[PDB]
Amino acid sequence: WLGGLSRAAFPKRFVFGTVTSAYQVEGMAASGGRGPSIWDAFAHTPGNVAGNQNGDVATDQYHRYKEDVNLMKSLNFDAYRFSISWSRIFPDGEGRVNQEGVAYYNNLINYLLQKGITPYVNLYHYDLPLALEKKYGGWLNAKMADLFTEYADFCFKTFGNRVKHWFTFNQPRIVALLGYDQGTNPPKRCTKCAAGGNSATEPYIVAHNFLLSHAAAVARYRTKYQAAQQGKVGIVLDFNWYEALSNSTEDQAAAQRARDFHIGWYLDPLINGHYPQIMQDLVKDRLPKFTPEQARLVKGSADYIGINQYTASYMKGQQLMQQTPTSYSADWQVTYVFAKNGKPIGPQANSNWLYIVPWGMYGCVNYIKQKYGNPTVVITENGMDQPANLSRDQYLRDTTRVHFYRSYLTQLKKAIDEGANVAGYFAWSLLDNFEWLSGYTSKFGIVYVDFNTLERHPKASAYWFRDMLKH
Ligand SMILES: OC[C@H]1O[C@@H](O[C@@H]2[C@@H](O)[C@H](O)O[C@H](CO)[C@H]2O)[C@H](O)[C@@H](O)[C@@H]1O
Ligand SMILES: [Zn+2]
């Protein structure tokens, strides 16, 4: 049932935790003085989210955080990854501070420390203050570095004496892709989109600014707060594994382009101070250039790399063509493939994009180890969802999720046993929550949340964790 897994099976002092994010669990979207984010607007627009749901109440952790902390402690977790709502601190993203908001995260951090749980804090998780979107054009504007840096500065000043583990951003790739390529996330921009946009150029502008913003914030931390606070700052990048369909040159090349356009996009700048060669070759003048000083500032600017790992795909190649630019996605010139040798790569969870493929966990960790000089990596997210409409009892009986973590974790142990620098592992998610476009129709939590009463009940997987992590 534990499949031989336990704390003894991982390096001494390895960190185990669970994850949530502000908008997804806090609730009190329009109270305690909080200002609206782009997701509030988006979520309140009919047709944007399943069943027209939003995060107004969510799991209402804003009121039940202490219950939740007690829960995670009794599950034997060492750490908790959560995010800070920019607009809860700065209703307008700049200027006036919301004291009540500060009070909240103060109370949360203190209670966590009081109960022996280590805070791992994200500064940003999709929730850009609406006011900044309307006034500056959001991440399309280089001015975001200043704005984000001032925001980071206040956090370091205000919680830095107790928070020692920071993350700046969360999956800037999904922002760029879904927000500016496909236009399915706020600000819903893309070539054909009603809000305007350009899927061939904007995705790259956005990513560049994320990187610059990250570097600026880390520069500020390192020059102003690090000495006294002795903290760390990393960044969270999603990485789904890409496997060559066959052993042909063509297919091997494809899988690697996919890797480079997926994770290299951000890792090459962060580790090597430049975008991947292939991207420079293919995207050309649509890819912004880093000035030498910007590159020098970007390179080395992450104390650890958070990887959000979920799934894996087969990749098929093809002769590279000279093409009219249309989209960041089309720039890869690769073909996604379903099965190999007539077998599917793995079964699917509730989410159509989530294929259960344990060995992809190993692919990713190992690849970053081999290709990037083995930097310190943290698995910042890993888990799967159940569908909506099951009975309470069916949720609590998540045998599939139990098998998911046992397998994935076994694969993580294999990569680690082979010398990979993984410092920690975080399960997404602690609670069933607001799953963006899917609203409340997708359940990722190891703890069940009844969205009528908001009661918590731990699932089998919660108990599986409690067993596996006992001291
Ligand atoms: O999917 C649940 C949580 O996952 C995280 O982003 C996901 C990516 O890791 C994955 O590659 O793609 C899916 C769908 O495109 C993303 O949701 C986020 O950190 C969480 O906010 C999200 O709920
Ligand atoms: Zn409440």
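Quick notes on the rules
Residues numbered from 1 in each chain as written, not as in the entry; some residues may be left out. Chains lettered and ligands numbered in written order. Heavy atoms only, no water. UniProt positions renumbered as here; feature names shortened; annotations may be inferred. Near = heavy atom within 4 Å. Polar contact = N/O pair within 3.5 Å; in protein donor to acceptor, adjacent residues only side chain to side chain. Areas by Shrake-Rupley, 256 points an atom, 1.4 Å probe, with all protein chains shown as cover. Nonpolar A, V, L, I, M, F, W, Y, C, P; charged D, E, K, R; others polar. Helix = DSSP H or I, 4+ residues; strand = E, 2+ residues; numbered from the N terminus. Expected span 1.5 Å × (residues − 1). Buried < 20%, exposed > 50% of the residue type's maximum accessible area, 1.4 Å probe, protein only. Contact = heavy atoms within 4.5 Å. Donors = N, O, S within 2.8 Å, 3.2 Å for Na, K, Ca; no water. Axes fitted to C-alpha atoms, helices over the stretch in contact; angles between N-to-C directions. Parallel < 35°, antiparallel > 145°, perpendicular 65-115°, else oblique. Left-handed = near helix turned anticlockwise from the far one by under 90°.

Per the PDB entry, the recorded name for the chain is Beta-glucosidase 7, and the organism is Oryza sativa Japonica Group. As recorded by UniProt, the Catalytic activity comment attached to the chain reads in full: "Hydrolysis of terminal, non-reducing beta-D-glucosyl residues with release of beta-D-glucose." UniProt lists a comment for the chain under the heading Subcellular location, and it reads "Secreted".

A.B. asks: Explain the site of ligand 1 here, please?
C.D. replies: For ligand 1, the set of nearby residues contains 13 residues, the closest of which are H125, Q171, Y310, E381 and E435. One nitrogen or oxygen atom from the side chain of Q24 is found 2.8 Å from an oxygen atom belonging to ligand 1. Relative to its unbound accessible surface of 470 Å², ligand 1 loses 91% to contact with the protein. When the residues that make up the shell around ligand 1 are grouped by side-chain class, the tally is five nonpolar, six polar and two charged.

A.B. asks: Got a minute to help me understand helix α5 (residues 99-114) in this structure?
C.D. replies: Because an α-helix packs 3.6 residues into every turn, residues spaced three or four apart end up facing the same way. Compared with an ideal rise of 1.5 Å per residue, which puts 16 residues at 22 Å, α5 spans 22 Å between its outermost C-alpha atoms and is within 8% of the ideal. Among the residues of α5, those classed as buried are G101, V102, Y104, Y105, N106, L108, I109, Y111 and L112. Contacts from the buried residues of α5 go to α1 (22-25), α3 (61-74), β2 (79-83), α4 (86-89), β3 (118-122) and α7 (144-159). Directly after α5, the chain includes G116, whose backbone phi takes a positive value near 80°.

A.B. asks: Could you clarify how one ought to interpret the coordination of the zinc ion (ligand 2) in this entry?
C.D. replies: Around a metal, the ideal angle is 109.5 degrees if four donors adopt a tetrahedral arrangement and 90 or 180 degrees if six donors adopt an octahedral arrangement. Distances from the zinc ion (ligand 2) to its protein donors, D60 (OD) and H63 (ND1), fall within 2.1 Å. Overall, the relative accessible area of 14% leaves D60 in the buried class. Looking at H63, the relative accessible area reads 52%, which means it is exposed.

A.B. asks: How do you make sense of the packing of α5 against α7 when you look at a structure like this?
C.D. replies: Packed helices, taken two at a time, are described by the angle between their axes plus the distance between the axes. Relative orientation of the contacting elements α5 and α7 amounts to 50°, with a least axis distance of 11 Å. On the basis of their axis angle, the class for α5 and α7 is oblique. At the point where α5 passes α7, the crossing takes the right-handed sense. Mapping the contact onto sequence places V102, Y105, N106 and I109 in α5 and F154, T158 and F159 in α7. Split by residue class, the contact of α5 with α7 holds five nonpolar, two polar and no charged.

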